[PDB]
Amino acid sequence: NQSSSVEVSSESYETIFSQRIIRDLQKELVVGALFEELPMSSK
Amino acid sequence: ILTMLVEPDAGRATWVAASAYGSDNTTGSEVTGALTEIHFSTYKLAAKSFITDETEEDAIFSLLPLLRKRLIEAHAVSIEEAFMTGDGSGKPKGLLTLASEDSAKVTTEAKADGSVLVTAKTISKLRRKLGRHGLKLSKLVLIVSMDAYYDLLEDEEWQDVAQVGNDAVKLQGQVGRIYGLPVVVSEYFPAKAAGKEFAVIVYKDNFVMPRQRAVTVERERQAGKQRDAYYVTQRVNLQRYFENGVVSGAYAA
Amino acid sequence: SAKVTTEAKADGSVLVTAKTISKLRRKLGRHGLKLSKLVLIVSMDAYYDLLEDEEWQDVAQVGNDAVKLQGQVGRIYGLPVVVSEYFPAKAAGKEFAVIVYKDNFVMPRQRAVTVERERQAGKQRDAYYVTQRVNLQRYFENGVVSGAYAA
Amino acid sequence: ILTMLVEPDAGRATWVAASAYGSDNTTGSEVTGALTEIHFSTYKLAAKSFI
Amino acid sequence: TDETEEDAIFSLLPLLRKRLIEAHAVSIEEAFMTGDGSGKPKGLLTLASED
């Protein structure tokens with residue numbers, strides 16, 4: 001703040017750190033799971 | 001200051017050759033990813049006004065409620081103006097400034113004189129530059145200047161019943177939803193001039209309003225002046241999460 | 001300066017289209033947004049020109065209220081229409097339509113219409129007197145817009 | 001004559017800089033406003049006829 | 001200022017009071033040590049000098 005008579009050590013003590021993680025929009029997946037599956041038990 | 005964490009982008013696996021079925025390459029490559037962070041802050045807006053002790057008697061009626069309501073409405077007006085088109089110098093950055101600095105300010109073809117009006121098609125074309133976030137209409141907000149609204153009222157594409165249902169202009173004289181977007185009119189857009197803006201579309205969920213202190217009123221008595229001073233203060237700002245979600249249509253040059 | 005010089009020609013080369021009338025709402029500014037607080041008045045010649053509008057003929061154009069089916073123009077662009085014959089004579093730079101914010105105008109009045117009958121025996125006449133005291137005033141210096149012919 | 005009071009327009013507060021936080025400018029600027037009046041009047045309309 | 005107490009995780013008042021009190025104590029001891037006579041008490045060093 002650096003405006004009153006007394007000041008804090010640095011901006012680390014003027015800050016609140018949050019453990020919240022947020023993500024943007026991700027491309028939707030379409031072809032990954034639209035076909036039927038053919039299981040195998042050999043090469 | 002408040003700081004939050006932002007989850008990084010996406011990696012990918014690898015296809016291993018059959019020859020490496022026994023070597024160390026059978027497990028493919030290594031994925032890596034580093035977090036990031038974002039910050040928030042606030043600005044202080046304030047105003048003051050004094051009333052001397054000679055005027056309350058020197059009047060047939062009181063003059064205090066007028067003073068209080070004028071202070072409040074001045075605060076609100078300044079907030080709205082700054083949020084609309086404020087700069088970054090000691091004030092919140094306006095939506096138009098964000099669009100300009102994001103290169104999302106689209107130069108349209110409408111002229112500043114009237115040679116080309118503002119059409120519904122031009123407004124709807126802006127959804128392209130929003131990329132992924134433009135695919136959902138329910139998460140969008142459209143705001144148009146007054147002149148833009150009056151230009152839309154004369155749009156040739158919303159005139160007849162055959163064209164647009166029963167919501168044709170000729171039957172109503174007003175424009176509600178446009179291309180699936182609701183219309184909200186604002187008067188705080190800049191002046192009608194070349195290169196200036198007339199509309200903006202905002203991803204509503206991407207914008208927050210940080211606030212430290214709400215509207216407060218501090219009254220002070222000054223006996224040596226025989227005045228009553230009134231002080232109104234608050235600390236607000238307008239911040240977003242990621243550099244996207246805002247596109248603004250502008251006039252031609 | 002609410003006198004919009006429209007492109008309609010008094011000589012009659014170009015008629016007075018409906019779009020021309022609706023464009024006048026732009027000049028009203030903040031008061032022109034809400035439709036229910038407006039009144040539209042047009043001259044008789046303007047009304048007959050409205051009846052010859054290409055844009056109000058077909059059913060597919062304007063619902064059931066096409067001119068070809070009725071012959072009277074009612075609401076125009078959401079504005080009900082009223083015809084008055086007290087406009088000036090059709091000439092260059094003359095008004096044919098008026099849009100007015102209704103509540104901006106008031107009618108002050110001191111005394112109503114009164115009739116006084118006097119018997120003048122020195123002249124064998126009965127004098128009849130009719131008097132009233134009124135005016136037309138508006139609150140704020142706005143609220144009315146009128147369009148005029150070209151040239 | 002009838003006289004009516006007209007309320008004036010709106011003011012605007014100020015964004016105080018961080019440097020002036022401890023000074024008197026932290027209170028911002030002052031907003032003023034003067035009332036106004038509007039007057040109404042009338043006219044007389046008269047006509048006469050004899051028999 | 002009022003825009004510092006909110007602008008910090010922890011209060012800063014006890015520090016202020018302590019600093020003021022200790023400023024008084026340091027100043028008074030220094031003055032009694034070698035305070036001159038001009039607006040301040042004469043210090044023992046000054047007294048011994050003048051005698």
# chains A, B, ... in the order shown; residues from 1 in each chain; ligands from 1
call {"tool": "interface_residues", "arguments": {"of": "chain C", "to": "chain D", "cutoff": "7 Å", "atoms": "only C-alpha atoms", "output": "JSON list (two decimals) with N, CA, C and O atoms, in the first residue's frame"}}
result
[["chain", "number", "residue", "atom", "x", "y", "z"],
["C", 108, "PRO", "N", -52.62, 24.25, -19.78],
["C", 108, "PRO", "CA", -53.05, 25.10, -18.68],
["C", 108, "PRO", "C", -54.37, 25.79, -19.00],
["C", 108, "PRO", "O", -54.68, 26.08, -20.16],
["C", 109, "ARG", "N", -55.16, 26.05, -17.96],
["C", 109, "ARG", "CA", -56.46, 26.67, -18.15],
["C", 109, "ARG", "C", -56.83, 27.49, -16.93],
["C", 109, "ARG", "O", -56.71, 27.02, -15.80],
["C", 125, "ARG", "N", -80.50, 45.38, -29.07],
["C", 125, "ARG", "CA", -79.68, 44.25, -29.46],
["C", 125, "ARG", "C", -79.49, 43.34, -28.26],
["C", 125, "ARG", "O", -79.54, 43.78, -27.11],
["C", 126, "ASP", "N", -79.30, 42.06, -28.55],
["C", 126, "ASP", "CA", -78.88, 41.09, -27.54],
["C", 126, "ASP", "C", -77.47, 40.67, -27.89],
["C", 126, "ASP", "O", -77.24, 40.03, -28.91],
["C", 127, "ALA", "N", -76.52, 41.07, -27.05],
["C", 127, "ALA", "CA", -75.11, 40.74, -27.26],
["C", 127, "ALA", "C", -74.80, 39.42, -26.57],
["C", 127, "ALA", "O", -75.19, 39.21, -25.42],
["C", 128, "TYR", "N", -74.12, 38.53, -27.29],
["C", 128, "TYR", "CA", -73.68, 37.27, -26.74],
["C", 128, "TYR", "C", -72.16, 37.24, -26.72],
["C", 128, "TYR", "O", -71.52, 37.55, -27.73],
["C", 129, "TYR", "N", -71.59, 36.89, -25.57],
["C", 129, "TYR", "CA", -70.15, 36.88, -25.38],
["C", 129, "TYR", "C", -69.70, 35.48, -25.00],
["C", 129, "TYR", "O", -70.33, 34.82, -24.17],
["C", 130, "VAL", "N", -68.62, 35.03, -25.62],
["C", 130, "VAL", "CA", -68.03, 33.72, -25.35],
["C", 130, "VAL", "C", -66.56, 33.93, -25.03],
["C", 130, "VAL", "O", -65.84, 34.56, -25.82],
["C", 131, "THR", "N", -66.12, 33.41, -23.89],
["C", 131, "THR", "CA", -64.76, 33.66, -23.41],
["C", 131, "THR", "C", -64.17, 32.39, -22.82],
["C", 131, "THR", "O", -64.88, 31.55, -22.28],
["C", 132, "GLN", "N", -62.85, 32.28, -22.93],
["C", 132, "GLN", "CA", -62.11, 31.19, -22.31],
["C", 132, "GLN", "C", -60.66, 31.61, -22.19],
["C", 132, "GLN", "O", -60.21, 32.54, -22.86],
["C", 133, "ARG", "N", -59.93, 30.92, -21.32],
["C", 133, "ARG", "CA", -58.52, 31.24, -21.06],
["C", 133, "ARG", "C", -57.73, 29.95, -20.98],
["C", 133, "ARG", "O", -57.84, 29.21, -19.99],
["C", 134, "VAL", "N", -56.92, 29.67, -22.00],
["C", 134, "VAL", "CA", -56.13, 28.45, -22.10],
["C", 134, "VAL", "C", -54.79, 28.76, -22.75],
["C", 134, "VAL", "O", -54.51, 29.89, -23.15],
["C", 135, "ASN", "N", -53.97, 27.72, -22.87],
["C", 135, "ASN", "CA", -52.66, 27.78, -23.52],
["C", 135, "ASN", "C", -52.18, 26.35, -23.70],
["C", 135, "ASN", "O", -52.72, 25.42, -23.11],
["C", 137, "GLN", "N", -48.68, 24.27, -23.31],
["C", 137, "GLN", "CA", -47.33, 24.33, -22.77],
["C", 137, "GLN", "C", -46.79, 22.92, -22.62],
["C", 137, "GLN", "O", -47.54, 21.95, -22.46]]
call {"tool": "closest_atom_pairs", "arguments": {"of": "segment 192-225 of chain B", "to": "segment 83-103 of chain B", "cutoff": "12 Å", "atoms": "only C-alpha atoms", "output": "tab-separated table"}}
result
residue	atom	partner	partner_atom	distance
B:195	CA	B:100	CA	11.1
B:196	CA	B:96	CA	9.7
B:197	CA	B:96	CA	7.9
B:198	CA	B:96	CA	9.9
B:199	CA	B:96	CA	9.2
B:200	CA	B:96	CA	7.7
B:201	CA	B:95	CA	9.4
B:202	CA	B:95	CA	8.4
B:203	CA	B:95	CA	11.2
B:204	CA	B:95	CA	11.7
B:207	CA	B:95	CA	10.2
B:208	CA	B:83	CA	11.8
B:209	CA	B:83	CA	10.2
B:210	CA	B:92	CA	10.7
call {"tool": "residues_around", "arguments": {"residues": "residue 3 of chain A", "least_positions_apart": "5", "cutoff": "9 Å", "atoms": "only C-alpha atoms", "output": "PyMOL selection string"}}
result
(chain D and resi 18-23) or (chain E and resi 1+3-4)
call {"tool": "residues_around", "arguments": {"residues": "segment 10-12 of chain A", "least_positions_apart": "4", "cutoff": "9 Å", "atoms": "only C-alpha atoms", "output": "ChimeraX atom specification"}}
result
/A:1,16 /B:1
call {"tool": "write_last_selection", "arguments": {"atoms": "N, CA and C atoms", "output": "PDB file, in the first residue's frame"}}
result
ATOM      1  N   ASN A   1       0.826  -1.200   0.000  1.00  0.00           N
ATOM      2  CA  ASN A   1       0.000   0.000   0.000  1.00  0.00           C
ATOM      3  C   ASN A   1       0.862   1.253   0.000  1.00  0.00           C
ATOM      4  N   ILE A  16      -3.850 -13.154  -1.199  1.00  0.00           N
ATOM      5  CA  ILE A  16      -4.456 -14.408  -0.777  1.00  0.00           C
ATOM      6  C   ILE A  16      -4.303 -15.395  -1.919  1.00  0.00           C
TER       7      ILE A  16
ATOM      8  N   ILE B   1      -4.840  -8.458  -3.434  1.00  0.00           N
ATOM      9  CA  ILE B   1      -4.733  -9.295  -4.618  1.00  0.00           C
ATOM     10  C   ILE B   1      -5.232 -10.689  -4.287  1.00  0.00           C
TER      11      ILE B   1
END
call {"tool": "residues_around", "arguments": {"residues": "segment 175-188 of chain B", "least_positions_apart": "3", "cutoff": "9 Å", "atoms": "only C-alpha atoms", "output": "PDB file with N, CA, C and O atoms, in the first residue's frame"}}
result
ATOM      1  N   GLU B  80     -21.032   2.822 -14.446  1.00  0.00           N
ATOM      2  CA  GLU B  80     -21.498   2.252 -15.707  1.00  0.00           C
ATOM      3  C   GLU B  80     -20.663   2.749 -16.875  1.00  0.00           C
ATOM      4  O   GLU B  80     -20.303   1.969 -17.764  1.00  0.00           O
ATOM      5  N   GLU B  81     -20.329   4.039 -16.885  1.00  0.00           N
ATOM      6  CA  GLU B  81     -19.512   4.572 -17.968  1.00  0.00           C
ATOM      7  C   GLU B  81     -18.153   3.884 -18.020  1.00  0.00           C
ATOM      8  O   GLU B  81     -17.676   3.494 -19.096  1.00  0.00           O
ATOM      9  N   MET B  84     -18.394   0.271 -19.222  1.00  0.00           N
ATOM     10  CA  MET B  84     -18.641   0.235 -20.656  1.00  0.00           C
ATOM     11  C   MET B  84     -17.359   0.482 -21.438  1.00  0.00           C
ATOM     12  O   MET B  84     -16.895  -0.389 -22.179  1.00  0.00           O
ATOM     13  N   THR B  85     -16.761   1.658 -21.281  1.00  0.00           N
ATOM     14  CA  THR B  85     -15.630   1.986 -22.140  1.00  0.00           C
ATOM     15  C   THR B  85     -14.511   2.644 -21.356  1.00  0.00           C
ATOM     16  O   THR B  85     -13.845   3.563 -21.844  1.00  0.00           O
ATOM     17  N   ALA B 120     -28.791  -7.047 -39.387  1.00  0.00           N
ATOM     18  CA  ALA B 120     -28.788  -8.202 -38.498  1.00  0.00           C
ATOM     19  C   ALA B 120     -27.698  -9.192 -38.885  1.00  0.00           C
ATOM     20  O   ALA B 120     -27.078  -9.819 -38.018  1.00  0.00           O
ATOM     21  N   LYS B 121     -27.459  -9.352 -40.186  1.00  0.00           N
ATOM     22  CA  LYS B 121     -26.426 -10.269 -40.647  1.00  0.00           C
ATOM     23  C   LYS B 121     -25.056  -9.853 -40.136  1.00  0.00           C
ATOM     24  O   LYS B 121     -24.255 -10.699 -39.722  1.00  0.00           O
ATOM     25  N   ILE B 123     -24.358  -8.206 -37.398  1.00  0.00           N
ATOM     26  CA  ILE B 123     -24.274  -8.533 -35.980  1.00  0.00           C
ATOM     27  C   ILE B 123     -24.056 -10.025 -35.790  1.00  0.00           C
ATOM     28  O   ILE B 123     -23.235 -10.449 -34.969  1.00  0.00           O
ATOM     29  N   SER B 124     -24.781 -10.850 -36.544  1.00  0.00           N
ATOM     30  CA  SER B 124     -24.672 -12.291 -36.348  1.00  0.00           C
ATOM     31  C   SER B 124     -23.326 -12.827 -36.806  1.00  0.00           C
ATOM     32  O   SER B 124     -22.881 -13.870 -36.319  1.00  0.00           O
ATOM     33  N   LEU B 137     -25.839 -20.317 -27.583  1.00  0.00           N
ATOM     34  CA  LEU B 137     -26.513 -19.028 -27.538  1.00  0.00           C
ATOM     35  C   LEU B 137     -26.915 -18.642 -26.125  1.00  0.00           C
ATOM     36  O   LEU B 137     -26.928 -17.453 -25.793  1.00  0.00           O
ATOM     37  N   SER B 138     -27.239 -19.620 -25.282  1.00  0.00           N
ATOM     38  CA  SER B 138     -27.710 -19.315 -23.939  1.00  0.00           C
ATOM     39  C   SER B 138     -26.639 -18.687 -23.060  1.00  0.00           C
ATOM     40  O   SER B 138     -26.974 -18.128 -22.013  1.00  0.00           O
ATOM     41  N   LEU B 140     -24.562 -16.162 -24.000  1.00  0.00           N
ATOM     42  CA  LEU B 140     -24.126 -14.954 -24.676  1.00  0.00           C
ATOM     43  C   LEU B 140     -25.051 -13.802 -24.326  1.00  0.00           C
ATOM     44  O   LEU B 140     -26.229 -13.997 -24.019  1.00  0.00           O
ATOM     45  N   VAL B 141     -24.494 -12.597 -24.363  1.00  0.00           N
ATOM     46  CA  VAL B 141     -25.224 -11.366 -24.103  1.00  0.00           C
ATOM     47  C   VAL B 141     -24.846 -10.366 -25.183  1.00  0.00           C
ATOM     48  O   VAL B 141     -23.657 -10.153 -25.444  1.00  0.00           O
ATOM     49  N   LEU B 142     -25.847  -9.765 -25.818  1.00  0.00           N
ATOM     50  CA  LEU B 142     -25.629  -8.808 -26.893  1.00  0.00           C
ATOM     51  C   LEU B 142     -26.122  -7.438 -26.458  1.00  0.00           C
ATOM     52  O   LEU B 142     -27.237  -7.309 -25.946  1.00  0.00           O
ATOM     53  N   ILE B 143     -25.290  -6.423 -26.662  1.00  0.00           N
ATOM     54  CA  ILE B 143     -25.614  -5.048 -26.306  1.00  0.00           C
ATOM     55  C   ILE B 143     -25.313  -4.166 -27.504  1.00  0.00           C
ATOM     56  O   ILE B 143     -24.215  -4.231 -28.066  1.00  0.00           O
ATOM     57  N   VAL B 144     -26.278  -3.340 -27.890  1.00  0.00           N
ATOM     58  CA  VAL B 144     -26.149  -2.504 -29.076  1.00  0.00           C
ATOM     59  C   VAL B 144     -26.394  -1.052 -28.701  1.00  0.00           C
ATOM     60  O   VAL B 144     -27.190  -0.742 -27.810  1.00  0.00           O
ATOM     61  N   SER B 145     -25.701  -0.157 -29.397  1.00  0.00           N
ATOM     62  CA  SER B 145     -25.923   1.260 -29.186  1.00  0.00           C
ATOM     63  C   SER B 145     -27.284   1.663 -29.733  1.00  0.00           C
ATOM     64  O   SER B 145     -27.898   0.957 -30.537  1.00  0.00           O
ATOM     65  N   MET B 146     -27.753   2.826 -29.289  1.00  0.00           N
ATOM     66  CA  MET B 146     -29.085   3.284 -29.660  1.00  0.00           C
ATOM     67  C   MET B 146     -29.208   3.483 -31.161  1.00  0.00           C
ATOM     68  O   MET B 146     -30.198   3.070 -31.780  1.00  0.00           O
ATOM     69  N   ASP B 147     -28.212   4.126 -31.764  1.00  0.00           N
ATOM     70  CA  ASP B 147     -28.233   4.321 -33.205  1.00  0.00           C
ATOM     71  C   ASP B 147     -28.273   2.986 -33.931  1.00  0.00           C
ATOM     72  O   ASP B 147     -28.958   2.841 -34.947  1.00  0.00           O
ATOM     73  N   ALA B 148     -27.557   1.991 -33.409  1.00  0.00           N
ATOM     74  CA  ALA B 148     -27.612   0.662 -33.998  1.00  0.00           C
ATOM     75  C   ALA B 148     -29.015   0.083 -33.914  1.00  0.00           C
ATOM     76  O   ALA B 148     -29.479  -0.572 -34.849  1.00  0.00           O
ATOM     77  N   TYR B 149     -29.708   0.311 -32.801  1.00  0.00           N
ATOM     78  CA  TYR B 149     -31.067  -0.198 -32.674  1.00  0.00           C
ATOM     79  C   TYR B 149     -31.995   0.462 -33.681  1.00  0.00           C
ATOM     80  O   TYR B 149     -32.820  -0.209 -34.315  1.00  0.00           O
ATOM     81  N   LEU B 152     -31.352  -1.056 -36.971  1.00  0.00           N
ATOM     82  CA  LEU B 152     -31.947  -2.381 -37.074  1.00  0.00           C
ATOM     83  C   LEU B 152     -33.438  -2.298 -37.329  1.00  0.00           C
ATOM     84  O   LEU B 152     -33.996  -3.138 -38.040  1.00  0.00           O
ATOM     85  N   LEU B 153     -34.102  -1.302 -36.745  1.00  0.00           N
ATOM     86  CA  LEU B 153     -35.530  -1.137 -36.979  1.00  0.00           C
ATOM     87  C   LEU B 153     -35.850  -0.927 -38.450  1.00  0.00           C
ATOM     88  O   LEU B 153     -36.969  -1.220 -38.877  1.00  0.00           O
ATOM     89  N   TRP B 158     -36.049  -7.867 -41.942  1.00  0.00           N
ATOM     90  CA  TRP B 158     -36.993  -8.185 -40.879  1.00  0.00           C
ATOM     91  C   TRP B 158     -38.320  -7.483 -41.109  1.00  0.00           C
ATOM     92  O   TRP B 158     -39.022  -7.133 -40.158  1.00  0.00           O
ATOM     93  N   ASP B 167     -43.238 -11.834 -36.359  1.00  0.00           N
ATOM     94  CA  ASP B 167     -42.425 -10.834 -35.681  1.00  0.00           C
ATOM     95  C   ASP B 167     -41.837  -9.817 -36.638  1.00  0.00           C
ATOM     96  O   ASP B 167     -40.822  -9.189 -36.319  1.00  0.00           O
ATOM     97  N   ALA B 168     -42.437  -9.648 -37.809  1.00  0.00           N
ATOM     98  CA  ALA B 168     -41.937  -8.667 -38.753  1.00  0.00           C
ATOM     99  C   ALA B 168     -42.075  -7.267 -38.173  1.00  0.00           C
ATOM    100  O   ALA B 168     -42.992  -6.977 -37.403  1.00  0.00           O
ATOM    101  N   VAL B 169     -41.134  -6.399 -38.541  1.00  0.00           N
ATOM    102  CA  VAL B 169     -41.103  -5.055 -37.979  1.00  0.00           C
ATOM    103  C   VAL B 169     -42.397  -4.318 -38.287  1.00  0.00           C
ATOM    104  O   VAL B 169     -42.965  -3.644 -37.421  1.00  0.00           O
ATOM    105  N   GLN B 172     -44.919  -4.884 -35.666  1.00  0.00           N
ATOM    106  CA  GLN B 172     -44.557  -4.564 -34.290  1.00  0.00           C
ATOM    107  C   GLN B 172     -43.835  -3.238 -34.141  1.00  0.00           C
ATOM    108  O   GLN B 172     -44.113  -2.498 -33.200  1.00  0.00           O
ATOM    109  N   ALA B 191     -19.232   7.880 -29.449  1.00  0.00           N
ATOM    110  CA  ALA B 191     -19.930   8.641 -30.471  1.00  0.00           C
ATOM    111  C   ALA B 191     -19.902   7.913 -31.808  1.00  0.00           C
ATOM    112  O   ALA B 191     -19.007   7.112 -32.088  1.00  0.00           O
TER     113      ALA B 191
ATOM    114  N   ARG C  30     -34.189   9.446 -26.845  1.00  0.00           N
ATOM    115  CA  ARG C  30     -34.526   8.599 -25.706  1.00  0.00           C
ATOM    116  C   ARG C  30     -36.024   8.367 -25.586  1.00  0.00           C
ATOM    117  O   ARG C  30     -36.451   7.322 -25.085  1.00  0.00           O
TER     118      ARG C  30
END
call {"tool": "atom_distance", "arguments": {"atom1": "atom CA of residue 84 of chain C", "atom2": "atom CA of residue 63 of chain C"}}
result
26.8 Å
call {"tool": "select_by_dssp", "arguments": {"residues": "chain A", "states": "helix (DSSP H, G or I)", "output": "PyMOL selection string"}}
result
chain A and resi 11-14+31-33
call {"tool": "write_last_selection", "arguments": {"atoms": "C-alpha atoms", "output": "mmCIF file, in the first residue's frame"}}
result
data_model
loop_
_atom_site.group_PDB
_atom_site.id
_atom_site.type_symbol
_atom_site.label_atom_id
_atom_site.label_comp_id
_atom_site.auth_asym_id
_atom_site.auth_seq_id
_atom_site.Cartn_x
_atom_site.Cartn_y
_atom_site.Cartn_z
ATOM 1 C CA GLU A 11 3.020 -8.022 -1.800
ATOM 2 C CA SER A 12 3.212 -11.635 -0.628
ATOM 3 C CA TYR A 13 1.541 -10.501 2.603
ATOM 4 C CA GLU A 14 -1.014 -8.405 0.702
ATOM 5 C CA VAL A 31 -15.179 -40.110 -33.170
ATOM 6 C CA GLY A 32 -13.541 -41.735 -30.148
ATOM 7 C CA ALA A 33 -16.627 -43.674 -29.075
#
call {"tool": "closest_atom_pairs", "arguments": {"of": "chain B", "to": "chain E", "cutoff": "12 Å", "atoms": "only C-alpha atoms", "output": "Markdown table"}}
result
| residue | atom | partner | partner_atom | distance |
| --- | --- | --- | --- | --- |
| B:1 | CA | E:7 | CA | 8.7 |
| B:2 | CA | E:7 | CA | 11.4 |
| B:41 | CA | E:7 | CA | 10.8 |
| B:42 | CA | E:7 | CA | 10.7 |
| B:43 | CA | E:3 | CA | 11.1 |
| B:44 | CA | E:3 | CA | 9.5 |
| B:211 | CA | E:6 | CA | 11.8 |
| B:212 | CA | E:6 | CA | 8.1 |
| B:213 | CA | E:6 | CA | 9.1 |
| B:233 | CA | E:3 | CA | 11.0 |
| B:234 | CA | E:3 | CA | 10.6 |
| B:235 | CA | E:3 | CA | 9.6 |
call {"tool": "write_last_selection", "arguments": {"atoms": "N, CA, C and O atoms", "output": "short mmCIF file (atom, residue, chain, number, x, y, z; two decimals), in the first residue's frame"}}
result
data_model
loop_
_atom_site.label_atom_id
_atom_site.label_comp_id
_atom_site.auth_asym_id
_atom_site.auth_seq_id
_atom_site.Cartn_x
_atom_site.Cartn_y
_atom_site.Cartn_z
N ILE B 1 -4.84 -8.46 -3.43
CA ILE B 1 -4.73 -9.30 -4.62
C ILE B 1 -5.23 -10.69 -4.29
O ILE B 1 -5.01 -11.19 -3.18
N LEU B 2 -5.92 -11.31 -5.24
CA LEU B 2 -6.35 -12.69 -5.15
C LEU B 2 -5.80 -13.45 -6.34
O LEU B 2 -5.89 -12.97 -7.47
N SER B 41 -7.71 -7.51 -8.72
CA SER B 41 -7.43 -6.30 -7.96
C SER B 41 -8.67 -5.41 -7.99
O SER B 41 -9.72 -5.79 -8.52
N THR B 42 -8.55 -4.22 -7.40
CA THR B 42 -9.66 -3.29 -7.32
C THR B 42 -9.17 -1.86 -7.48
O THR B 42 -7.98 -1.56 -7.35
N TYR B 43 -10.12 -0.97 -7.76
CA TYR B 43 -9.87 0.46 -7.86
C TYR B 43 -10.85 1.18 -6.94
O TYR B 43 -11.89 0.63 -6.58
N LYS B 44 -10.52 2.40 -6.56
CA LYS B 44 -11.34 3.17 -5.63
C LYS B 44 -12.01 4.34 -6.34
O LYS B 44 -11.34 5.15 -6.98
N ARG B 211 -14.83 -6.91 -5.55
CA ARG B 211 -15.26 -5.80 -4.71
C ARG B 211 -14.64 -5.92 -3.33
O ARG B 211 -14.75 -6.97 -2.69
N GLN B 212 -14.01 -4.84 -2.87
CA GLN B 212 -13.48 -4.78 -1.51
C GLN B 212 -14.50 -4.22 -0.54
O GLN B 212 -14.90 -4.89 0.42
N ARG B 213 -14.94 -2.98 -0.77
CA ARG B 213 -15.95 -2.35 0.07
C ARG B 213 -17.08 -1.83 -0.79
O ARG B 213 -16.85 -1.31 -1.89
N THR B 233 -17.79 6.39 -0.90
CA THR B 233 -16.64 5.65 -1.40
C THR B 233 -17.04 4.22 -1.71
O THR B 233 -18.04 3.71 -1.21
N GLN B 234 -16.24 3.58 -2.55
CA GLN B 234 -16.35 2.14 -2.81
C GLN B 234 -15.12 1.70 -3.59
O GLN B 234 -14.44 2.52 -4.22
N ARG B 235 -14.86 0.40 -3.55
CA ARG B 235 -13.73 -0.20 -4.26
C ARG B 235 -14.23 -1.36 -5.11
O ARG B 235 -14.65 -2.38 -4.57
#
call {"tool": "atom_distance", "arguments": {"atom1": "atom CA of residue 90 of chain C", "atom2": "atom CA of residue 143 of chain C"}}
result
24.4 Å
call {"tool": "interface_residues", "arguments": {"of": "chain C", "to": "chain B", "cutoff": "7 Å", "atoms": "only C-alpha atoms", "output": "list in words"}}
result
residues 26, 60, 61, 62, 63, 76, 77 and 78 of chain C
call {"tool": "interface_residues", "arguments": {"of": "chain B", "to": "chain A", "cutoff": "9 Å", "atoms": "only C-alpha atoms", "output": "list in words"}}
result
residues 1, 2, 3, 4, 5, 6, 7, 8, 9, 37, 132, 133, 241 and 242 of chain B
call {"tool": "residues_around", "arguments": {"residues": "residue 46 of chain E", "least_positions_apart": "4", "cutoff": "10 Å", "atoms": "only C-alpha atoms", "output": "JSON list (two decimals) with N, CA and C atoms, in the first residue's frame"}}
result
[["chain", "number", "residue", "atom", "x", "y", "z"],
["E", 32, "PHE", "N", 18.46, 13.34, 27.20],
["E", 32, "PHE", "CA", 19.10, 13.45, 28.51],
["E", 32, "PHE", "C", 20.58, 13.14, 28.42],
["E", 33, "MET", "N", 20.98, 12.26, 27.50],
["E", 33, "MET", "CA", 22.39, 12.04, 27.23],
["E", 33, "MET", "C", 23.07, 13.31, 26.77],
["E", 34, "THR", "N", 22.70, 13.81, 25.60],
["E", 34, "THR", "CA", 23.43, 14.95, 25.07],
["E", 34, "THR", "C", 22.52, 15.99, 24.43],
["E", 35, "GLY", "N", 21.29, 16.12, 24.93],
["E", 35, "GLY", "CA", 20.42, 17.16, 24.44],
["E", 35, "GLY", "C", 20.98, 18.53, 24.74],
["E", 36, "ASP", "N", 20.93, 19.40, 23.74],
["E", 36, "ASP", "CA", 21.39, 20.77, 23.89],
["E", 36, "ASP", "C", 20.35, 21.56, 24.68],
["E", 37, "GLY", "N", 20.56, 22.86, 24.82],
["E", 37, "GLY", "CA", 19.64, 23.67, 25.59],
["E", 37, "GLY", "C", 18.55, 24.32, 24.77],
["E", 41, "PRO", "N", 16.08, 19.58, 26.79],
["E", 41, "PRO", "CA", 16.79, 19.59, 28.07],
["E", 41, "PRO", "C", 18.29, 19.53, 27.85],
["E", 42, "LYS", "N", 19.03, 20.19, 28.74],
["E", 42, "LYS", "CA", 20.48, 20.13, 28.68],
["E", 42, "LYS", "C", 20.96, 18.72, 29.01],
["E", 50, "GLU", "N", 29.83, 22.90, 29.70],
["E", 50, "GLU", "CA", 29.69, 24.30, 30.09],
["E", 50, "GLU", "C", 30.29, 24.59, 31.45],
["E", 51, "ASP", "N", 30.41, 23.58, 32.31],
["E", 51, "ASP", "CA", 31.02, 23.74, 33.62],
["E", 51, "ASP", "C", 32.53, 23.59, 33.58]]
